[PDB]
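Some notes on the structure that comes next.
For reference, chains read A, B, C, D, E, F, G and H in written order, and residue numbers begin at 1 within each chain.
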């Protein structure tokens, strides 16, 4: 019915798929030393959402449910609900609730709550440590550290809105968060399930192309780099278009609409990630009005022009 | 020639265009007693963004700039930048910076800041009162009330992330925010300019159809109803498709995809709002898999089946 | 028309709940097409809605 | 009805520019209410739109409905809209005919309230 | 022929809820206003509630407002009366009735008795 | 009485554009379809264009489709014909006409000559 | 091959208690979250309870929370569900299920009927 | 009949001061934000300063902060720009502009040359 394509959107017009913030730039670098297996921002070119990926960027790294205070602390256990406040189902074929954070770190935001009988409301600073033994979103349980020990009600609708990340300033700067380390979604010593696969360039001379943002920092000296494999708008577009993949690799050209000149070309793999021909770490220099354009299905052994 | 359509998305898959939260339900009610003139979520069906509308769901009600401390207070004045940190120009043909809140109320969130030299970060609770004499975003000036009188640095990038709304619990409950009262974007006694037009049904027996969310509440007893005229995904989709309107009114059917049964029909006007045939306030009861489907181009005087 | 009115929230419109022309209850099951005196043409009839508050005799139109 | 059809993109609807029964040009200024034989009642007439492509003799027929109460039903000015089951088969500038079969009623509605045989269309 | 048959009555406790039904046949049902009336011993009949074809216009006797709810399903040609917070003075035979052209029709009725 | 008066004709070059007007009085104008017809030298009158009351239905003779545009302003009871890409064969007297009940009415017309020739006399 | 076998079901009176068991084999069992689900008459399956490898995280459907208790023994590869204060609406086939990599596995189930009625036949 | 007319420009030495005026007519002036813009030869215009109706909100381009001061008098419908410590790069045509409903209006402008040079001709 419709050919495959990518949206006419500039980098700065799109959104990170791993945290609810805009994209800022493109980056490429070697990744053979670590595992690249994010679960948000995962979608095939023919529109199959993978991992924990869902469609709206505003739901990324949010949680909702009811909370219970943990005596002797300012911590609360959230029993997770689905987006419409029904029971969440741990038996679905997903690694964790869609939108769950997919990195180990300390995400700071705000827990808000409404009391249904009178409409009274309250909100408090809250941090979720996704490396904690009490971080078990796959089974519907997540712990938050807050600035209160008494100002949340039980059995009332409660939501976490994410803002940024933090780091312990007394320790090595930028040692957290760790964006490529997956949480254990069911807690300690329990294997993750139904994951989107790890990704790696397989063609000699190629590296992943990353869509990069800088997360807000709320305390300390955090590593604020956040790289996603697909802009959220590409996830949304592929889902909408549902165009069948005619090969395993879509050839894209990055074009300047003012001149029509192509700045570089890249491979969009059917399973949902991009590679370029480059060796080394490099911040791409692009015209702010440039965008990606699908030009041909190609064979997996197509040799890209160096970037 | 390019065919028009609306996205195949359920209500709960979509996002409010006036605050960065998911849609929850559809609502219709009379609105002839007040002016309906939101500036976010405004887009023609052939993809012209109007008002303060921009493409990013996560930039709605966010501010970016540098801050100056108001001595003797915990208040800071933000000198606004554009959403990509470029200079903001008050003489552009817009009512206010894109994404500016389009209602009078008290929006609570977090002001975050990174010091560029060492990557140190800080975040603080902040409230913007969009009815304040110091709320003048069209002229690049917005005041925030924070919980600090010293921690923010001058000449450093600073961001406001919105979370929810508040209300003074000692006054009549749910008396604020007022979602249909536009702020005065240049401050006291100054006319707004370059507004997207007010909207009203022109056919007898019709009412606007509203895409409704519930804003998080952070304190007091706020009115958390938030109605937009178009989902943010429709804005994004119309912009991307840029399909010419063949008449003034697109006829949409709301369909259950399991049964093909039409729940109701509605008119999508080319200037970007929806009407239904109903009298009175009504929360629509819909199947959670229902979606909108464009069927044909009609005229302003097509008679809708009653919903 | 005579009766009591209910405001239609969000509008400047009111629903009048009809009484009989002598303020008695109106019965929709009578063998008539509509209350006696009801307009018998399709059109927009303009006029004045008046009301008296029983307790103090305050009035409005 | 006879004429050529223009697709309304994004829909399964087509606008037919009316010709005379002998395929001659139709003249809206004649002293008649509408082309001779035009339906004279308000309702939904179902039939089949057929077309032949003159260069190769290829043919096609598709289910089609004309709502004679529609604002796009203007046979006196040579314009009639059909709702069909296709968005792609019909060529422009090729002879196209509507053969009537019967009438339909919106079945979720009070039975037998349409067609209205004594209500003239607005031609 | 036009036929109306009410059902759902019975002997119930004050404060309970009851749903009455009227099955219609012999006319389109859709397109016609429908009514509930009731008649208690030693009393003339009294109107209870009315509803137009689409159900967007309803009305109620003052004595039942806020407690009773009228509805209809045109495809099944069924009229309903949902009766909540029933009181002894609600006891009566409840009839369903309509008007077609210049003739009125009503069913034989269903007895509702509210008592301790 | 019903009155129709056309205006705007003249001598113009092939390829140029020209707008004709027709002022109507003596009836509501709104509510009635209006038409442009034309009569070339040595021929009978032929239909050019038609428009319904609100202007949401228009139609054109095959020979002028894509080049002509009919429109109307009901408050001022004026009919218009915008003519573009004019051809020699467009030369004719142009009339506005309508039909009310069972009677037709036509204006006296306005002459339009499309030619590069410019030697003419009575 | 992966195998899950439930046991313990029966017909019991409202308010009573019943313990179900699931014997697992063909995988490590330890290291994997385990779940109980149930299918009542006329309905599809619905989640009942979940437990992670060490049992320090558990959760329960709202309808059973406070009445049921999930537990496991990793050495014996057995999963347990203690049901208390049984209600008629708890009647259903109860299944044990797990997820390994990108595949799900469920046992054939055990039937649980909660009724104060004493007269049933096939 | 919206009109804006600037005055007060001229040739001045670096470091000197200059006060520009913009006379408005044809609209209420009070009630509308007003702006100063400047444009150097061969370049596009750039925003300089803005002021709301009562003058309790003002803003300035970073390059003129601390040196320029915008003010207005609503009874006389006059806008002012006080320019102190002028620099060569401040040289430009300065013009005032406003926005009314969905339309913008600017004046013709006044030339400001900050230079030790004083040989110029048409």
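We take it that contacts are C-beta pairs under 8 Å (C-beta built on N, C-alpha and C of every residue); 3 or more make two chains touch, one makes a residue touch a chain.
Under the touch definition stated at the top, chain C and chain F share no contacting partner at all. Two chain pairs, D-E and B-E, are compared here, and D-E has more C-beta pairs in contact (counted per touch definition above). Rounded to whole angstrom units, the spacing between the C-alpha centres of chain A and chain D is 53.
Chain centres here are Cα averages; for chain D and chain G they lie 63 Å apart.
Each chain gets a centre from the mean of its Cα atoms; for chain A and chain H, those two points are 48 Å apart.
Averaged C-alpha coordinates put the centre of chain B at 40 Å from the centre of chain C. Shared interface positions of chain A, defined as residues touching 2 or more other chains, are absent.
All chain pairs that touch, listed by label, are A-B, A-G, B-C, B-D, B-E, B-H, C-E, D-E, D-F. Within the complex formed with chain B, the chain C residues making contact are 8-13. Within the complex, the chain D residues that touch chain E are 108-113. Per the touch definition, chain B reaches chain H in the complex via residues 79, 89-91, 93, 133-134, 136, 138-141, 186-191, 193-195.
On the side of chain B, the complex with chain E involves touching residues 279, 306. On the side of chain A, the complex with chain B involves touching residues 7-9, 12-15, 20-22, 55-59, 83-84, 108-110, 112, 114, 118-123, 125, 159, 161, 163-164, 166-167, 169, 173-174, 214, 216-222, 224, 233, 236-237, 240, 288.
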